[PDB]
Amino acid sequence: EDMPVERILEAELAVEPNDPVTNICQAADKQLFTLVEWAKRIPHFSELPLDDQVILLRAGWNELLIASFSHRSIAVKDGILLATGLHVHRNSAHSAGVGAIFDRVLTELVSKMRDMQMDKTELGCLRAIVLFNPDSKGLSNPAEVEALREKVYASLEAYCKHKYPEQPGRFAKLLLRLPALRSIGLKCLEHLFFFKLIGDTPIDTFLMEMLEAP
């Protein structure tokens, strides 16, 4: 209870008003501060113990951001729109050594969100589900985190069907993008760690912190 899709949508709206790799990294760092604010706007998130709020954010920040800029790029032809309002095209990503992962973002996420015309309410519920990941290690009470996740997709399921009566399977379709998001989020992390190791590519404070241990 007390997990309405109206609150989630508001959250999504309340936050988002020369090297391409360095640009994408600065946008990520900038979006991390906003991500925290976003999470606080998701009902019940703040009522959880601070220790679990840290685990959930550190555990899902990457997928939370990939999902956001992906939906934001729905109007971009072959590229993505960065928080800094700057663009990154397929060719530019390819010329930076990250062509493969960039394309997976376009094919598995961006293009798909556009084809099904995923709305901001659906995106928010998806992100809230990711946020409330009960598999996160360290959680003091993985039970409550699981309870929250269930309420999110429950309100989402109701939102769907009602908003899209012609599409009985729209709900399941949404959830089925999560496996791709997990995989793509994991590949993004491997890249980042390598970048940090090498030394090149400027990495801001907040983004650097997420790459810390554990």
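Counting begins at 1, following the sequence as shown.
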Check: Does a third or more of the other compared entries skip modelling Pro17?
Finding: yes
Note to self: I'd like to know the size of any gap between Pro17 and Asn18, counted in deposited residues with no coordinates: none, 1 to 3, 4 to 9, or 10 or more.
What the structure shows: 10 or more
Notebook entry, point to check: Where do the C-alpha atoms have the higher mean temperature factor in this entry, in 82 to 90 or in 121 to 129?
Noted result: 82 to 90
Check: Which wins on mean Cα temperature factor, 153 to 161 or 181 to 189?
Finding: 153 to 161
Margin query: Highest Cα temperature factor in the entry, among the options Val105, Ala143, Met113, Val98: which one is it?
Written below: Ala143
Next item on the list: Report the third (lowest, middle or highest) to which the CA temperature factor of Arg58 belongs, ranking only the modelled residues of the same chain.
Entry: lowest
Notebook entry, point to check: In terms of the chain's CA B-factor thirds, is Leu176 lowest, middle or highest?
Noted result: lowest
Margin query: Quick check for you: using the entry's CA B-factors within this chain, is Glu37 in the lowest, middle or highest third?
Written below: middle
Next item on the list: Would you check the entry's CA temperature factor for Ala28 and let me know if it's in the chain's lowest, middle or highest third?
Entry: lowest
Next item on the list: Could you tell me which third, lowest, middle or highest, the C-alpha B-factor of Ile66 occupies within its chain?
Entry: lowest
